[PDB]
Structures are given as C-alpha cells and as structure tokens.
Amino acid sequence: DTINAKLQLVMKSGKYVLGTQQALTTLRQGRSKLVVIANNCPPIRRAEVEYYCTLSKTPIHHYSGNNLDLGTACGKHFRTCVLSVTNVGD
Amino acid sequence: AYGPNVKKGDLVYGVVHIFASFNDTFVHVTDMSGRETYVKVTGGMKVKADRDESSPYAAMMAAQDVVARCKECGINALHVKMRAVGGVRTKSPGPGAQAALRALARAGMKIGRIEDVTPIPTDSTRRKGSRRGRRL
Amino acid sequence: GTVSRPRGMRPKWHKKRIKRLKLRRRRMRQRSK
Amino acid sequence: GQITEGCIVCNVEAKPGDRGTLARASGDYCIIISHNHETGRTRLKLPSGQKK
Amino acid sequence: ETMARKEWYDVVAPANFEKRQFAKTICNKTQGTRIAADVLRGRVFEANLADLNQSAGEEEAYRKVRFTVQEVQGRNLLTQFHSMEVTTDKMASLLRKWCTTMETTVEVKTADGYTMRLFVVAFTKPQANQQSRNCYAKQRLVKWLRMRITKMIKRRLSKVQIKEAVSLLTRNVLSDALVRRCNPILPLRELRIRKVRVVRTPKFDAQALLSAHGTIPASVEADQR
Amino acid sequence: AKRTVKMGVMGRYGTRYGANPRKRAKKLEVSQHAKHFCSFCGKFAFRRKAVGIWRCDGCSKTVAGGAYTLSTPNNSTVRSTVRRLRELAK
Amino acid sequence: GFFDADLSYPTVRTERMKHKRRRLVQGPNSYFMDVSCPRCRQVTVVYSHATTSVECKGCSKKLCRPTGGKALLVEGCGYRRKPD
Amino acid sequence: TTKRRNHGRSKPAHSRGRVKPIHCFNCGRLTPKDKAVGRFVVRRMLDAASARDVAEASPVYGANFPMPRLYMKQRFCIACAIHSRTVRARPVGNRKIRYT
RNA sequence: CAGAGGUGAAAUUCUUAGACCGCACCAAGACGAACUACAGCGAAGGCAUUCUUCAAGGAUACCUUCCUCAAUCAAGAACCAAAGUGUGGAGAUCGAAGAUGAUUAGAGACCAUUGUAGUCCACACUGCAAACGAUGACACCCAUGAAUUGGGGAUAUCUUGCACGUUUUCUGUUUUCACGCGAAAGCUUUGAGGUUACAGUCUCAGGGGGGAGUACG
Ligand SMILES: [Mg+2]
Ligand SMILES: [Mg+2]
Ligand SMILES: [Mg+2]
Ligand SMILES: [Mg+2]
Ligand SMILES: [Zn+2]
Ligand SMILES: [Zn+2]
Ligand SMILES: [Zn+2]
C-alpha cells in the first residue's frame with residue numbers, strides 16, 4: 001500500500017508523465033526520478049524500458065498490479081502501462 | 001506330538017480372540033501374527049437352540065473344547081484379546097465374555113496379558129433405526 | 001401426552017385432507033376451462 | 001514417467017511413439033493414478049471410467 | 001491331518017532388544033511351487049514392550065511393538081520395526097473432564113530413507129494454588145505448543161538411522177526432552193507419544209538387515225528330536 | 001422501451017420449440033455472443049469465431065477453449081493444480 | 001460503618017474504585033513522562049498509552065513498545081512522571 | 001404449563017441456536033447433545049470371584065499389577081434413562097437438587 | 001473348517017462353488033468420538049481434526065479525529081433448518097415407495113431381512129417450521145452473594161516469557177420466591193417490576209366458539 005500512498009502524494013505535489021513514449025523521452029532527457037511498470041506488459045516493451053532505466057541509472061518499481069489497477073490508482077479513468085515521475089514534492 | 005522343540009516345562013504362547021455379542025460367542029486361538037489359526041469353537045456349535053447361543057454355559061463349554069485341542073497343538077499359555085460388536089453398534093460385551101475367560105484359566109492354561117480391542121470410530125456413519133429409534 | 005384436547009382429528013392430517021381437496025378442485029376447474 | 005501422480009493429461013499414446021491416441025475429443029482428459037518403477041508402467045483413469 | 005504339514009519357526013527381534021527370540025509360529029511345508037519362504041515374508045508380529053526389555057518399570061507394560069518379517073534364514077525369521085502403540089486401557093484413563101486435550105501429527109524422514117508418522121497427546125494441568133474450576137488453555141498457546149513439538153521432533157529424528165530412532169522412542173528418551181521444553185509454554189500434566197508408524201521404507205538391502213541384527217542366535221527347530 | 005418480457009434473443013423463434021428448451025439454449029447463446037475479458041490487454045475484447053476459438057479485437061491474439069464461454073470451470077482447477085505441482089517440483 | 005455517605009462529597013476509597021467515566025466528574029487516566037535513552041542520554045516526552053512508534057532523535061531510536069494498554073519502556077532508559 | 005425453567009435442556013435464551021444430535025445408547029433415538037443424560041462408566045472387566053481364578057493362573061497379574069478396566073461415555077434419551085433406572089421422577093419441590 | 005445372522009421366540013437371508021471368524025493391506029463415499037459444558041462465535045437459519053491462505057466482526061485501551069450525522073417503520077430489498085423441484089456429478093451408510101418373513105380375529109403398522117427416490121457436491125428455484133425465550137426494537141432506575149468468557153489497571157505460587165494468587169474495572173453469559181407484580185403457574189439488576197397514584201419514543205397483531213385460512217378474485 002506504500003506505493004499507492006506515495007503516488008497520490010506525487011499527484012498532489014509533483015509532476016509525471018503517462019505512457020511508454022513520454023517515459024522514454026524523459027529518460028533520454030535525464031529528467032526522471034522513478035519509473036513504475038505494471039505486471040501485465042509485453043516482455044519486449046518491458047525489456048526495453050528496463051534497459052533504458054539501467055543505462056540511465058534510474059530507480060524502477062514493479063507495481064504487482066494490472067495496468068487497469070495502475071490506471072485506477074493514478075486517479076485516472078484509463079489504463080496505464082508505465083508511469084514516470086519527473087518531480088516529487090513530499 | 002506336533003509341538004515344537006522345547007523343554008518339558010517351557011511356556012509356548014498363543015493368542016485367543018474372544019468375540020462375545022448378544023447372539024453368539026467366539027473362541028478363536030491364533031499365533032502372535034494372527035495369520036495362522038489353531039482352533040476355533042463357537043457357542044452355536046455346542047447347543048441345539050438359537051436362544052441359548054449366547055448363554056454363559058454355552059461359552060464355557062466352547063472353551064473346554066479349545067483347551068483339549070490346544071494340548072495336541074503344543075500351546076501352553078494364551079494372551080487374551082476381547083471385543084464387543086463395536087462400530088456404530090453397542091460397545092458393551094455379551095454375557096459369555098467372562099465365562100469363556102474363566103473356563104480357560106480353570107482348565108489349566110496360563111494367562112498372559114489382557115486387552116480390549118472393540119472397534120471405536122473417531123467419526124461414524126449413521127446407524128440403523130430411524131431418528132425415532134427402535135419402537136417396542 | 002404433550003398436548004391439550006384437539007377436537008376433530010390430528011390437525012396435521014386435517015390439513016392434509018384439505019390440501020388434497022384443493023388439488024382435486026383445481027384439477028376439475030382446469031378441465032372445465 | 002516424469003509427470004507427478006494426480007496430474008491431468010491429454011493426447012496420451014497407448015504405446016510409445018504412436019503420436020497420441022487417447023483423450024482427444026473436446027473437453028476430455030485422463031488422470032494419472034500411480035507409477036511402478038520395478039516394471040516401468042503407469043496407471044491411468046480414462047474418460048470412460050476404465051483403468052489402463 | 002491339519003498338523004501333519006506344519007513346521008515350527010522362530011521370530012527374532014533386532015539387537016536393540018534384550019530378548020531376541022520372542023515368539024514361535026507355524027507354517028506349511030514347501031510343496032511343489034508353493035515355497036514356504038515367500039509366504040512367510042511380510043508378516044507382522046505384535047509383542048508387549050515389557051516382555052522384550054525384561055524390565056518392570058510399569059511404563060513399558062502399556063506399550064506394544066510390531067515387527068515385520070523381511071527374510072527367512074533356516075528356521076529363523078529376521079524382522080524390522082513396524083510400529084509402536086499405547087494400549088487402549090492406558091490411553092482411555094488419561095482423559096479428564098475439565099481440561100484441554102491437544103494433539104499433534106508429525107511426519108519425519110530418517111537418514112536411511114524411512115518415513116514415520118508420529119502422534120503426540122498432551123494435557124493441561126492446574127497450578128498448585130489455583131482455585132478456578134477449569135484449566136482450559138487459550139488457542140494461541142495451543143498452536144505455539146504444536147509448532148514447537150513439530151520443530152523438535154523433525155530436528156532430532158532427521159539425523160539418526162532407523163535403529164537409533166527406535167532406541168529413542170523406546171526408553172522414553174525423546175519424551176522427557178519434549179516435556180522439559182514445553183512446560184514453560186503451558187503447565188502440562190502429561191505428554192505422551194500415542195502412536196508411531198512407518199509409512200514408507202527404502203529398497204531391501206541384505207547387508208543393512210544383517211548389520212542391524214548383530215549376532216543371530218541359532219534355532220533348534222530342525223534338530224533331530 | 002424493453003421490447004420483450006423475458007424472451008430476449010430467443011424472440012427470433014416465435015412460438016416454436018417449447019419453453020424449457022428455449023430457456024436452456026438462451027443462457028449459452030448470450031455467453032456465446034458476449035465480449036469477454038482479455039488478460040493480456042486489460043480490456044473486454046475477446047469474441048468467439050467458431051466453436052472453441054476466441055479472437056481479440058485489438059491485439060492479434062487467438063486463444064483456444066470453452067465452446068460457449070472463454071474459460072470452463074474445470075480448466076481453472078487444472079491450472080491451479082498444475083501450478084502448485086510444478087511449485088513442488090521446482 | 002456507623003458513617004453515612006454523601007453523594008455530593010464521596011470518600012477517597014470509593015472514588016478510587018471507579019471507571020473514569022463513572023466518577024462524579026469524568027477525567028483522563030493517562031499522563032506524560034520524561035524519558036532518557038540507551039547509550040545516548042537525551043530527553044523526550046512520551047505518552048503513557050502511546051501506540052505509534054516513538055523514536056530517539058539521532059540514535060538507535062527504538063523505545064516505547066506498544067501494547068493493549070500502557071506502553072512498555074525499554075530497560076536502557078530512565079523515566080519520570082511529569083506534573084499536572 | 002411450563003414444567004421446568006430450563007425446559008429440560010441446557011440451552012438458555014441468548015446462548016445458542018442449534019446443538020448437534022447424538023444417538024441414544026440403547027434405542028438409537030436422535031436427541032440434542034445438551035439434553036441427553038450423560039454418564040461416565042469405569043467398570044471392572046471381571047467380577048470379583050472370577051478375577052481371583054484368572055489372577056492365580058496369570059504370571060503377569062498378581063498383587064502389584066492390576067487388571068485393565070473398561071472406560072465408556074454413555075448418553076441416553078429421556079425414555080431410556082427412566083426405564084433403565086438411571087434417572088427417576090422426583091416430587092415438585094425436589095426437582096431442583098443438582099449433584100456433580 | 002460347520003455353521004453364521006436375527007428375535008420375546010422364529011422365519012425370510014448367507015454358506016464345503018468355503019460363510020462367520022483372524023492378520024496386514026487396497027478402493028470409494030460420508031463423518032470429525034472421548035475432551036464437550038445450564039462454555040464460545042453468528043442478524044436469524046446455523047457453526048467442532050491439522051496446516052497454509054483471503055476479506056471481515058466484536059470487546060477493551062486512548063488527554064486521537066469529527067460535531068447531531070440519531071431511534072423506529074407502510075412501499076421497496078437481501079438472507080433463511082428439513083422436506084421438495086430442474087440440469088450435471090456421486091452413490092459407502094441409512095432409507096419414504098415397493099417386496100419378503102413374522103405378530104394378530106384383521107395388521108395394510110409397530111419387530112426382522114432388504115430396497116427405489118433421496119441422503120452428499122456444483123449451479124438455478126421454493127420461502128415454509130413448536131423458524132420458541134410460544135416474551136418486537138431503542139433508552140432510564142433497580143437488593144445480595146456466587147460462578148464463568150474476553151480485555152485492561154494495582155500489588156503471593158510455579159516453570160524457565162508463560163500460567164496462577166488477592167483486589168478493582170468495562171463487555172458478555174448464567175444460578176441462588178429481592179422490593180414489587182400477577183388469576184395462578186410463575187417473573188424479578190437478566191422483568192412479566194417502577195400502571196385506576198393509569199402519559200419516555202416508534203412499530204406489528206387481537207376483539208366468544210365454529211364454518212375457515214375455506215370460496216371468489
Ligand atoms: Mg431452532
Ligand atoms: Mg435438502
Ligand atoms: Mg411385532
Ligand atoms: Mg438396510
Ligand atoms: Zn487482447
Ligand atoms: Zn539516543
Ligand atoms: Zn433411548
């Protein structure tokens with residue numbers, strides 16, 4: 001429950017992007033603090049995102065929930081595969 | 001003279017199973033594994049009427065027949081196992097349980113250890129009769 | 001031994017009689033209609 | 001011989017190398033009952049309810 | 001004639017027991033293809049522990065030991081431990097009306113490949129100055145006692161052979177250790193091993209059986225009159 | 001408005017074939033034509049093509065099984081059993 | 001005996017054996033303590049019935065184990081009840 | 001007319017809904033476990049006279065080793081308990097006396 | 001190896017083609033003895049082997065938060081022993097219907113040996129019980145001594161943190177004609193008390209016995 005508790009704090013005071021393309025953009029720009037990935041995700045896409053995170057030395061977290069569960073826990077009404085935090089105020 | 005090779009005063013042990021219900025009584029002598037049978041005499045083999053099969057007298061008569069044939073076998077001392085019907089039925093022994101044991105001792109046989117072996121269920125299937133029971 | 005004086009006949013059997021009567025009436029009305 | 005007892009299987013060959021002859025119709029299966037290592041034989045319960 | 005065909009044999013216990021030849025049995029003589037040895041193997045013999053150990057401690061008189069025949073050697077039957085049980089009269093006299101009865105089942109594997117199942121029974125007791133009418137135990141303590149017993153038995157019995165494990169079950173060696181270590185959790189009136197049974201055995205090994213039996217006494221059943 | 005009181009899809013049969021056979025077939029007909037949940041995607045996207053064949057509307061997945069529903073109750077028990085037995089093996 | 005009881009002015013013996021909400025005027029049961037530290041020797045104010053985690057600043061920070069009633073104090077600290 | 005305060009059983013108002021039934025020892029009638037009459041019985045296997053003859057013939061059973069006994073828990077229906085003299089009817093004023 | 005079963009006594013029934021009995025096993029389906037009680041849990045119906053696991057529920061403790069958000073009910077909704085119904089499984093035990101022996105003037109019954117539906121599981125219906133404490137829900141006052149289940153506060157015994165001893169406390173759950181009430185039986189901090197000295201709040205039902213819970217809708 002700790003990650004669900006922290007994500008709401010980020011949504012209150014922070015900045016983020018949703019989606020693989022925007023997450024990779026923030027990783028290339030080196031303006032990202034944490035990446036979160038859902039448990040159902042194609043292995044190729046998961047492998048690419050983790051490769052970028054390793055190469056950039058960025059903390060990465062496995063959500064253990066569905067992409068629908070991650071989308072709900074984000075306060076949104078749509079499914080999300082990847083979340084990228086670019087500013088955390090808490 | 002089919003006994004084993006032992007001294008004249010040695011004790012050779014067997015096991016007797018005494019099954020005494022309220023309709024009959026069994027006197028059954030085996031070895032310590034229960035696989036070989038020496039003699040088996042019942043109370044219905046000594047009386048002529050059905051109502052007398054469970055009498056203490058019928059049980060005593062059956063026991064004396066067992067002792068006579070055991071001398072041929074070569075058996076001298078008998079361990080005793082006793083039981084009632086058990087299961088989901090009654091757990092109390094029949095009238096001939098005590099008479100059979102006493103007759104064996106008084107006939108010259110040595111008595112070893114005694115144990116009750118009535119079947120006892122940890123949990124059980126429903127018994128006969130209705131929920132109202134037997135109505136007399 | 002556990003009950004007072006009923007009148008008529010055991011009430012459960014009386015109810016069973018009435019039940020059979022109603023079934024027969026239902027069948028007769030069904031045949032006519 | 002490598003499948004643990006109690007497992008549910010399909011497409012079973014009665015003789016080795018026949019490429020599958022038992023439990024093939026839709027929704028059907030066999031149950032593995034026991035192994036015997038001395039004789040190298042496995043016991044199965046078939047869809048019909050027979051043992052083989 | 002029934003007794004024309006019968007030959008006498010002797011049943012021998014393993015070397016853990018002071019009385020080796022403890023029972024006598026009969027069998028058919030070999031006729032044609034019916035060999036007497038193959039029907040003799042596999043039989044189970046029951047005996048009282050007090051008789052085998054030739055003691056009068058009043059605690060061994062309520063235990064029975066069973067042995068299974070594994071090989072025939074002339075007119076001697078070589079056996080191995082099968083199971084041990086407390087007699088029914090003793091077990092039924094330990095139950096009390098206003099206390100808690102706790103039971104545990106433990107499965108352990110020895111070093112020789114033998115698998116055993118153990119059944120343990122324990123009873124609560126009231127303290128010296130207690131005035132309460134009952135002595136029921138709380139469920140949390142009962143579960144804790146069950147967990148400790150399972151840990152202790154699985155640790156001691158997984159490092160010994162089938163012969164040493166039998167030696168521990170007899171002489172009440174394992175029982176005293178359990179009572180001493182379980183009293184701090186709960187005041188125990190009595191703790192007993194009600195039954196121990198072998199549920200799996202390894203493959204037959206002729207040399208292993210001979211080592212367990214040590215020096216085998218001779219039989220005189222075939223000797224000339 | 002409702003257009004029917006309890007006949008549903010079976011309204012195409014008029015007064016033919018009997019009430020109990022119609023009621024028994026309706027339950028399987030509804031399931032056969034429903035949209036089922038795709039665990040790879042996270043959306044309700046599986047449709048039956050022919051008996052036993054289920055195709056996802058967005059992703060290119062085809063799955064086998066069920067004949068009138070995506071998964072039969074016996075198959076879930078088999079899945080849990082297989083997973084536990086493999087967990088013992090490994 | 002031989003002495004009556006005034007409901008308005010009860011005795012100390014009777015008033016002490018009462019639930020906190022059954023007294024003439026209800027009031028708290030808890031208090032505050034000044035607590036030292038193991039091998040650190042700092043000062044912290046701790047509630048007598050604390051249920052959250054109370055930690056020493058700049059130290060091992062393990063004290064005040066919570067229970068179903070009063071909290072337990074680790075043996076490495078000295079405690080003193082504060083007034084009022 | 002209510003005859004007994006406890007209604008002949010051991011189930012007060014706000015305690016329990018249902019108690020599992022058991023079979024009577026003699027007739028087999030099903031009755032709730034809290035209503036059946038229960039006794040514990042510890043009877044000698046043999047009578048006093050016959051015990052002496054068996055003890056004389058026994059190398060095991062002497063004076064410092066007693067013979068085994070039978071332990072049974074018995075529960076009866078109301079009718080079977082009365083006929084078998086286990087429990088008898090008492091005057092109105094004496095129905096309250098309870099032993100242990 | 002010569003009978004076993006069953007009964008008040010017997011007979012239907014099984015048995016030298018080996019029954020009954022004895023020992024160790026294998027299969028399948030139910031059930032969880034003794035410990036088990038005027039004990040615990042649940043809204044009621046109900047709930048008893050062990051281990052792992054998921055979401056709940058109550059009480060207790062608090063110098064935490066909030067600030068009237070509550071009580072009780074037509075309409076409307078959910079759950080509800082057993083028997084019974086539909087579709088798939090299962091089928092050990094017991095056993096409505098039925099069959100065969102006995103009792104009897106008769107015996108279709110009670111007794112004996114059997115046996116189909118059922119009894120067990122999944123999903124879908126049914127909505128009835130002496131579904132009883134024959135006692136609607138919420139709130140106040142009330143005599144004494146016990147006992148007992150869970151939590152908390154204060155200060156002798158035993159094992160090596162647990163249990164126990166004494167005294168208080170909150171919640172539950174019971175037992176010894178309290179005042180008083182009632183036609184009585186009886187109830188009594190837990191009311192059936194605090195009512196002609198008749199008013200705390202809401203709600204369901206009854207009005208001599210049948211016809212009848214029947215007829216019609
Ligand atoms: Mg009820
Ligand atoms: Mg039912
Ligand atoms: Mg009759
Ligand atoms: Mg039958
Ligand atoms: Zn898809
Ligand atoms: Zn510090
Ligand atoms: Zn009875």
Side-chain angles (χ1 to χ4, degrees), chain B residues 15 17 19 23-24 26 28-31 33-37 40 42 44-45 49-51 53 88 120-122 124-130 134-136, chain C residues 2 18 21-22 25, chain E residues 2 42-44 46 68 82 91-92 95-105 123-124 126-137 141 143-144 146 150 180-181 183-187, chain F residues 20 24 73, chain G residues 16-22 27-32 47-51 67-70, chain H residues 1-2 5-7 9-18 20 22 33-34 38 40 71-73 98:
Chain B
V15 187
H17 311 259
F19 181 20
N23 277 331
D24 207 14
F26 287 71
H28 189 353
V29 168
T30 71
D31 68 331
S33 66
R35 290 272 286 253
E36 298 281 335
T37 284
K40 193 247 290 176
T42 70
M45 284 157 62
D50 291 16
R51 79 190 71 81
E53 266 143 50
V88 293
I120 309 267
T122 55
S124 88
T125 58
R126 184 176 185 116
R127 43 139 311 151
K128 92 180 313 223
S130 58
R134 188 166 185 257
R135 273 110 64 197
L136 284 189
Chain C
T2 77
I18 310 279
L21 204 52
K22 281 160 89 177
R25 292 183 181 139
Chain E
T2 296
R43 295 190 179 177
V44 177
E46 202 217 80
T68 182
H82 179 269
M91 200 42 30
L95 272 93
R96 202 144 302 167
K97 171 77 178 278
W98 304 98
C99 64
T100 296
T101 308
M102 316 159 248
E103 293 160 278
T104 309
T105 302
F123 307 89
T124 38
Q127 294 281 22
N129 57 339
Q130 184 159 351
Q131 307 289 326
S132 327
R133 320 209 83 261
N134 65 69
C135 51
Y136 298 134
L141 299 187
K143 290 162 113 300
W144 189 14
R146 190 172 289 123
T150 319
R180 151 159 22 92
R181 290 298 318 277
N183 197 24
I185 302 188
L186 262 161
Chain F
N20 270 148
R24 182 169 332 118
Chain G
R16 240 201 320 255
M17 301 157 18
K18 291 263 196 172
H19 193 256
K20 65 182 210 213
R21 308 201 95 186
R22 303 291 190 268
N29 262 343
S30 46
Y31 52 89
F32 291 88
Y47 194 51
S48 58
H49 292 79
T51 51
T67 76
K70 280 179 189 172
Chain H
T1 311
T2 288
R5 172 168 171 99
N6 68 344
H7 308 300
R9 51 185 336 176
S10 273
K11 209 174 66 68
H14 330 96
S15 77
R16 267 168 294 286
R18 187 192 179 226
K20 204 62 91 93
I22 69 98
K33 204 162 117 181
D34 72 313
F40 198 73
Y71 306 81
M72 308 165 24
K73 172 84 155 201
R98 305 164 62 104

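Residue numbers begin at 1 in each chain, while the letters A, B, ... track the order of the sequences.
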Take nucleotides 166-176 of chain I nucleotide by nucleotide from the 5' end and write B, S or -, depending on whether a protein heavy atom sits under 4.0 Å from the base, only from the sugar-phosphate, or from neither. --SSSS-SSSS
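For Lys70(G), whose side chain is taken as the heavy atoms from C-beta onward, the closest listed nucleotide among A154(I), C62(I), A215(I) is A154(I).
Bases of consecutive nucleotides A28(I) and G29(I) are stacked, their six-membered rings being centred less than 5.5 Å apart at a plane angle below 30°.
For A185(I) and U189(I), the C1' atoms lie 24 Å apart once the distance is rounded to whole Å. Of the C1' atoms belonging to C73(I) and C54(I), the separation is 38 Å, rounded to the nearest Å.
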Contacts under 3.5 Å, N or O only, protein and nucleotides 177-185 of chain I:
none

Every protein N/O within reach of nucleotides 78-85 of chain I N/O, cut-off under 3.5 Å:
none

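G84(I) is paired with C125(I) under the criterion used here, namely a Watson-Crick or G-U wobble arrangement in which both key atom distances are under 3.5 Å.
Under the rule for a ring pair (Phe, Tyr, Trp, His ring centres under 6.0 Å), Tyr31(G) has no partner lying at least two apart in sequence or in another chain. Applying the ring pair (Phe, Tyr, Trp, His ring centres under 6.0 Å) criterion to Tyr47(G), with sequence neighbours excluded, gives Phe32(G). Among residues two or more places apart in sequence or in another chain, the side-chain contact (heavy atoms from CB on, under 4.5 Å) test is passed with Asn129(E) by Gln127(E).
As judged by a 4.0 angstrom heavy-atom cut-off over every strand, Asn134(E) is placed among residues touching the sugar-phosphate backbone only.
In plain terms, the two heavy atoms of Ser30(G) and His49(G) that are nearest each other are CB-ND1, 3.5 Å.
Glycosidic conformation of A55(I): anti, with the torsion beyond 90° of 0.
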